[PDB]
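Data first, discussion second: the structure below is written as structure tokens.
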Amino acid sequence: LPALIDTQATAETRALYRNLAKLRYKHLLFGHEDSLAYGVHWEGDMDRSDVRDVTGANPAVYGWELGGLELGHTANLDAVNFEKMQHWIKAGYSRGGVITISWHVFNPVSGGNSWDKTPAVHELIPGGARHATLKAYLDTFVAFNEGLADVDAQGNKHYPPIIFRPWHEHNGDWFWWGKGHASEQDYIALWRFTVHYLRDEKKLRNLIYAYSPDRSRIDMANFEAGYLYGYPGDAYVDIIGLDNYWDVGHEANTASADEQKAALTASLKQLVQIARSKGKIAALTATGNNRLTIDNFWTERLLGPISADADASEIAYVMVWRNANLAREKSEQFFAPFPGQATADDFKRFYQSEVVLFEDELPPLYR
Ligand SMILES: OC[C@H]1O[C@@H](O[C@H]2[C@H](O)[C@H](O)[C@H](O)O[C@@H]2CO)[C@@H](O)[C@@H](O)[C@@H]1O
Ligand code: NA
């Protein structure tokens, strides 16, 4: 019933969207960022994941990150080599997994990173002095995407579908495309251009577009209004996403565990209600408890509140963030366990849940 904004999307892309729409009622796909690139205690293996090391299975959804690609870097902002990333994307896809991509775009004005709040959006949008830069930036993704293609025996090109999730958490003020640094109208212009350019000018047919405000800057008393701040329109969005680290034990959140559980459920319920009204699909596009310090985090703080409400449960997937390599990054940051980590057994329970799907129990999503 939901239809993609790309009316000409590849058969595999259309199939993915249709199958997510069917599966969402009774199941939840589990995703992990940079899952094959490294783990907390390893890097270099060509086919490994902390998630698999714990459960025996790969995540169903593989998140990847392009920041730095736009600058012609060999590797992204977390030192993930782009060539390796292309191979890892193809490998996951070949096993039936789902691919999603974010993009912490560097600041073109200062040459700083996404957290450099020097204004840039007004300059990047059509009519802006730096509009050529936006095109050049997006062109690098067009090229990256070509490195994902195969050609069949008949000479037809095929690609992994990609859930493309740009310009995320835009209701926050921490990125240069965020509130306080870009007008709402200019953000909308940026979004609409991104879609026109990739879908219409460049004729990419393997993309599903995900919109992803941050829950931590939405007023729960007025959720829909907060959610739709900077919303570019139904003709520009396929997935009604949400980044919510807030209700899952964010260190700055003083709300009680029980209050947080209720808020997580309420946030996903309202997310799903918005998706329903718009004929889209909802998802929890980023979440997790950094360093997994919460007892039974997976069953008690994530799955329980999702499953508590039949609307909230209608999200198609949930993705947790990356397992930063300690030897390399100097500070513990991780959102999935690794063997011996305190929540590993509870993560096995999460995996074992009939509702939750990892790679190993996905139906064929691409037909
Ligand atoms: O991989 C890019 C950076 O991600 C950062 O984590 C954030 C991310 O910016 C976004 O806000 C996400 O949805 O929440 C994540 C966890 O807080 C850090 O991992 C940083 O080290 C990376 O460079
Ligand atoms: Na399961």
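What follows is calculated from the coordinates using simple rules that are stated; it is not laboratory data. Heads up, the Cβs are rebuilt from the backbone with ideal geometry, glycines too, and the neighbour counts pull from every protein chain shown.
Here is how the numbers come out for the structure above:
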| quantity | calculated |
| --- | --- |
| For the range 5-74 versus the range 244-272, the gap between their alpha-carbon centres in whole angstrom | 24 Å |
| Shape box of the range 150-306 [Cα atoms, principal axes, largest first, Å] | 56, 41, 30 |
| Exposure rule at most 16 other beta-carbon atoms within 10 Å, DSSP loop GluC sites (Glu not before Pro): the chain longest free segment | 1-250 |
| In the range 257-339, the trypsin sites (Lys or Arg not before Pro) that fall in loop regions by DSSP, at most 14 other Cβ within 10 Å | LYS330 |
| Cα-derived Rg over Rh, computed across the chain with Rh taken as Kirkwood radius | 0.93 |
| DSSP H segments from the chain that extend 24 Å or more along their own axis, Cα-based, with Kyte-Doolittle mean of -0.5 or above | 257-278 |
| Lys, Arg +1 and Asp, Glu -1 on Cβ, resulting dipole of the chain about Cα centre, debye, nearest 20 | 900 debye |
| Prolate/oblate/rounded call for the range 33-168, Cα gyration tensor, a/c under 1.5 rounded | oblate |
| The range 186-242-the range 294-320 distance, computed between alpha-carbon centres (Å) | 23 Å |
| Listed pairs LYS22/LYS278; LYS22/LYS280; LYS203/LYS280; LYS117/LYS179 exceeding 20 Å between Cα atoms | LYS203/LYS280 |
| Given charges at beta-carbon only (K, R positive; D, E negative), |dipole| of the range 227-367 in Debye | 340 debye |
